[PDB]
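The chain below stands alone, shown as structure tokens; this is the form deposited in one PDB entry.
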């Protein structure tokens, strides 16, 4: 539940330009200076933009920042594969008296056609129920870009407790895979009629369902 809202991912082809928006309220972006950070895989974040639209030395003019009301935008032109990174906006929040970050945006520089994920959802095995445990396993494969959002539901209601989801990573065929697991007790598994794994990828959503009665 980040105070600032970024899209989880954006993409474009090499040479093209992209924007990343960050949205907040009057207590943060509306009345405080925004900075942007780039985080290459495995590294610490690097400052891209400060004071809404200034670049530190060594940051090329391909990167730019702008502001309108309670939103800010990072622009990147002339996309290179080296720009692939997670991008974060940050500012001070006057109501919290705290630094607040957006949730991050993964930037993919398209190196292949976009691909939809295949989703498979397995219920707990009877053997596992005999061990007094219950794991629902949602498997997600063959997708690109490498970003998905996973949401679980019990009889249509959101469930957040007991969810563990991996970071997507490359398969041998150069698409991505991820998995999400929902941990329940045998009792809470048997007491609902339906559990669902909902996977969102580039605007499209696939939802799979299982039930104890199967």
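Positions refer to the first chain, counted from 1.
Participant: Which has higher Cα B-factors on average according to the PDB entry: 174 to 182 or 151 to 159?
Facilitator: Going by the record's values, the stretch with the higher mean is 151 to 159.
Participant: Looking at the entry, does 101 to 109 or 72 to 80 show the higher mean C-alpha B-factor?
Facilitator: Averaged over C-alpha atoms, the B-factors run higher in 72 to 80.
Participant: Which of these has the highest Cα B-factor in the record: 166, 35, 188, 39?
Facilitator: It is 188.
Participant: Place residue 64 in the lowest, middle or highest third of its chain's C-alpha B-factors, as listed in the PDB entry.
Facilitator: According to the entry, residue 64 has a C-alpha B-factor in the chain's middle third.
Participant: Rank-wise, by C-alpha B-factor, drop residue 18 into the lowest, middle or highest third of its chain.
Facilitator: Tercile = highest for this residue's CA B-factor.
Participant: Taking only the Cα B-factors deposited for this chain, tell me whether residue 26 sits in the lowest, middle or highest third.
Facilitator: Within its chain, residue 26 is a highest-third residue by C-alpha B-factor, going by the deposited values.
Participant: For residue 198, does the deposited CA B-factor place it in the lowest, middle or highest third of the chain?
Facilitator: For residue 198, the deposited C-alpha B-factor lands in the middle third.
Participant: If you rank every modelled residue in this chain by C-alpha B factor, which third holds residue 86: lowest, middle or highest?
Facilitator: Within its chain, residue 86 is a lowest-third residue by C-alpha B-factor, going by the deposited values.
Below, we refer to the form deposited in another entry, which is not included among the displayed structures.
Participant: With each C-alpha placed in whichever of the two rigid parts fits it better between the shown form and the other one, do residue 38 and residue 123 end up together?
Facilitator: No, the two residues fall in separate rigid parts.
Participant: Assuming the CA distance changes by 3 angstroms or more, are residue 76 and residue 201 closer together or farther apart in the other entry compared with the shown structure?
Facilitator: Residue 76 and residue 201 sit farther apart in the other entry.
Participant: Note whether the distance between the C-alpha atoms of residue 197 and residue 8 decreases (closer) or increases (farther) in the other entry, against the displayed form; the change is 3 Å or more.
Facilitator: Residue 197 and residue 8 sit farther apart in the other entry.
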